[PDB]
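Next up: just one chain, as structure tokens, the form deposited in one PDB entry.
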């Protein structure tokens, strides 16, 4: 039988209730929080399943959770219900005080679930003002169970309030156990880059091979099925956060939402983005490899490194994210104003069970304050740079992209969890 970490459940559900009751921003008018997971074949990033992973240690498909002021209802298959009895039966657990008692309902396979749906709907109507439900608006899972539930729920005319941003902030600070998972993810990412990827690229360059970016990305995906790069980790606990992104030869997009294209790799500036997800917890790395970079290319690259460390020095508990952003852009404006229009609009983002927290992005508008124990992907780049010495079109335009997994510390500059050496000595390839 799979053990549920009960103490972690009670700590975290208490954090959720504390913030909900505090009633700031999107929490203010919410009468009940309603979270439902359908079929998930692709294991997509979603607040609904991230919340499950946070509370229970595991995603639970075809499962509904209703958080009310004085009760909590979980509805799932008999086997998942049996699993949840570990926290539903409290057995005098001291930690159980900060949240309501749990009622478990069984999802029937061969029978109508109307009776259970009605119980949850009545619980919502009875919770606080019984009018508005907190939801994750982006999440729509397929399958018959979600169809049936949504049909039932939609008849009731509850107002839906998106709570994605406030929940992101609620779960952002990592417990030590979670940080250990993210540290392991970061170390696996670093080992795959150091031992496999960088070597592979140097082989390709030394042999003057023509390799499509897409094919190189596939090779990296295959590499993490090999135990030699996992340092003891069960291979089934390791996944890519996203398909590895390799770009070169004047075609760059510096973001994590695009895949590697089919062009042959140019021995240029080669941007390489990859991250490992270990036991559902994400990490991220970006390195640019440079073949015979000129003095001017090196100058821009070293300035990029300078900006990153300036960012880490500013990313400290209590500081507003936008103020970190402005501090870094101030350095660009002062020292290299010509790069103001070349630099990435975002400098990084909060990272966790979900890879990229859209409300935690480091940009000019973000008002959220940093807290000790939050983890970020800190990413900075320059795009659309011109190489003067370039002749062919693939040589003329280059980009520079750097990123690391970092931890907001107790005091002082943020701590870097990834370990891949980034000096020109390390990422330069000289023919």
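Positions refer to the first chain, counted from 1. In this text, rigid core is short for the largest set of C-alphas that superpose within 1.5 Å between two forms.
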Quiz item: Comparing 137 to 145 with 256 to 264, where is the mean C-alpha B-factor higher?
Solution: 256 to 264
Exercise. Using the B-factors recorded in the PDB entry, average over the C-alpha atoms of 196 to 204 and of 308 to 316, then report which stretch comes out higher.
Key: 196 to 204
Quiz item: Per the PDB entry, which option out of 85, 160, 215, 183 has the greatest Cα B factor?
Solution: 215
Self-check item: Residue selected from 337, 100, 348, 358 by maximal Cα B factor
Solution: 337
Quiz item: Can you tell me which third, lowest, middle or highest, the CA B-factor of residue 385 falls into for its chain?
Solution: highest
Quiz prompt | Chain third (lowest, middle, highest) by recorded CA B-factor, residue given as residue 372 | solution = middle
Quiz prompt | residue 242 by Cα B-factor - lowest, middle or highest third of the modelled chain | solution = middle
Quiz item: If you rank every modelled residue in this chain by C-alpha B factor, which third holds residue 394: lowest, middle or highest?
Solution: highest
Quiz item: Ranked by Cα temperature factor within the chain, is residue 275 in the lowest third, the middle third or the highest third?
Solution: lowest
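Keep in mind the form deposited in another entry is missing from the figure; the text below concerns it.
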Exercise. Tell which of 99, 343, 146, 106, after superposing on the rigid core, has its C-alpha displaced by 2 Å or more between this form and the one not shown, please.
Key: 99
Quiz item: Taking the rigid core as reference, does residue 41 move its C-alpha 2 Å or further between this form and the one not shown?
Solution: yes
Quiz prompt | Cα separation of residue 43 and residue 103 in the other form versus here, shift of 3 Å or more | solution = farther
Practice problem: Might you say whether the CA atoms of residue 257 and residue 43 end up closer or farther apart in the other form than in this form? Their distance differs by 3 Å or more. | Solution: closer
